[PDB]
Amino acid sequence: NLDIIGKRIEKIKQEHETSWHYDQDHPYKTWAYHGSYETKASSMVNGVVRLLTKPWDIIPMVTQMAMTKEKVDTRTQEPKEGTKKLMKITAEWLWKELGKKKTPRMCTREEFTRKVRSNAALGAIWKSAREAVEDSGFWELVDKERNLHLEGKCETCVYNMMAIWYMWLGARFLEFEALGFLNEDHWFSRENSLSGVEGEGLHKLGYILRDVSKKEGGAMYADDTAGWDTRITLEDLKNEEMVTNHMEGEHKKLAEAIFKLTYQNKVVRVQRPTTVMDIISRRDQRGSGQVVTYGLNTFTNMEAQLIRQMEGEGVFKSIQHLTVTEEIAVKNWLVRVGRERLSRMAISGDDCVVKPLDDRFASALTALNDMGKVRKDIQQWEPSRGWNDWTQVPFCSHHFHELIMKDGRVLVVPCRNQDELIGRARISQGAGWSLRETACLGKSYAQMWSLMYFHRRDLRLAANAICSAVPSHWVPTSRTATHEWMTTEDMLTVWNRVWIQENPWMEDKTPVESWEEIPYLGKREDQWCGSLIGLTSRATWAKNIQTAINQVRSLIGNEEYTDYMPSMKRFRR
């Protein structure tokens, strides 16, 4: 206990010696409380996108998105011995498969520096990250902590609750040095993991689900976990740490210390209004950089789902205890069919789709419930509802349509309710946005829509409008998947590269010559997915779109603009 977290606690106590109140009115039950001390970010509207989406100003599902816990303080029972055994064997086998064609390695100050100078979310708390990285005293702070970790101790690796947990860049660097390889070297690529989709892109996910649908077997299951990060057990963290069994030298020691000192024994600071700072600690649950969180969530989800598959296939009889012959059967299933069973899944962190061998999977719930991965919105022992059609399966907040081009070629396209897409593009985060920076964020949403959602009538029109309203040469930006729309290249050229040239599911590579060759959903199916086609508000907006474009051009001023509206049939004279 205080053995490992004491130093971090001691150091914070001193820095606030004149306010160390041990509140007895502390609300924590499952989080150990240590002490307290004295201390003291809304969604803004993007005006460029809102001025060009007027019909949505009266749609509450869009307008409410711009307005405006008790699951972090929960406990997870210890799994049974049969469950623990199944997890240990599966985890051991899975790190070996992921490691067959990859080599664990340390990520570098050099690589970390480049990532900070290209504005990548690292959950940090010198002003900006940029100025800390170009000064050397910081790296001496990193070195002192680095040397403390090699010694098996920790001083400065403390979480700041805000449920996301920021850290001092020094802690982030040390996490990235030891475990960044999982993301930097694509351990969860589909080629390397079989179930993963890391680096895939939203224009690949529907093709991937259609490929899973082609396997013989049962329904497609897509069960969501209730609060996945809160259900990560200490047994889960131990099975994840076994990646260090594949490491050597410094790296092995540096990685072992991240897992022991910061993952399996955390220290957190949380603001309470009664405003004081609450210094609490817990060994279990997920708390780590969002990028390491993604890869280890993928790993543990792949593990859990292969065990749910083993349960449905009768590989083991009970989670209470695994007979010595069951152990051999589980390991033999893995060697014989493990890679085929991974191929029956698409897993993106806590998000999965599984096409099992048959529907016995639907009621194979004992291992899943006992690992703590309790399903959301369903009674603990009620059998899973499966999907009969890959086009109805939810995955990564989307569903996927099969869309046939006038020339017979087949697109599998990503889709979601259009109110969600318009409502998100109308929101910015943070202060100090110039009109130019607001315009360039609108342009990023517009180009994403032209590439991913070209099949939705309202979005291809609004995307053309925004791109006409923002100066042609201004570069799309974001402050916070592969992002092919982040470019000043012509969007028809990018569309051809993504959907035809580089698309491994498209055998005929004939380029498309104009946007009019590129199809929409059926008119009814566009409505079903939230389109306003057919409403008087929408018809007036489309007819008068040049007036809206000219309003935004007048605000931005006398700049070079291109009219993209004649790329659409109806504006082609």
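Think of the rigid core as the biggest set of C-alphas that the two forms share within 1.5 Å after superposition. Residue numbers run from 1 along the displayed sequence.
- Farther on average from this form in 9 other deposited structures of this protein lies stretch 483 to 491, the comparison being between 456 to 464 and 483 to 491 by RMS Cα distance after core superposition.
- Between stretches 402 to 410 and 245 to 253, the one whose Cα atoms sit farther from the displayed model in 9 other deposited structures of this protein on average is 402 to 410 (core-aligned, root mean square).
- For the cut-off of one third of the other compared entries, residue 48 stays well clear, since all of them model it along with its flanks.
- Among the other PDB entries of this protein that were compared and that flank it with modelled residues, residue 142 is modelled in all, so it is never left out in a third of them.
- In this entry, residue 125 is separated from residue 126 by 4 to 9 residues of the deposited sequence that have no coordinates.
- The modelled chain breaks between residue 480 and residue 481, where 4 to 9 residues of the deposited sequence lack coordinates.
- Per-stretch averaging of Cα B factors for 244 to 252 and 201 to 209 places 244 to 252 on top.
- Relative to its counterpart among 223 to 231 and 166 to 174, 166 to 174 has the higher mean temperature factor, C-alpha atoms as listed in the PDB entry.
- Of the candidates 91, 129, 446, 494, the deposited coordinates give 129 the top C-alpha B factor.
- Taking only the listed residues 280, 296, 470, 107, the entry reports the highest CA temperature factor at 280.
- Among the modelled residues of the chain, residue 524 sits in the lowest third by CA temperature factor in this PDB entry.
- Among the modelled residues of its chain, residue 368 has a C-alpha B-factor that falls in the middle third, as given in the PDB entry.
- Ranked by Cα temperature factor within the chain, residue 18 sits in the highest third according to the deposited record.
- Split the chain's modelled residues into thirds by C-alpha temperature factor. Residue 76 is in the highest one.
- In this PDB entry, the Cα temperature factor of residue 151 sits in the top third of its chain's modelled residues, the highest group.
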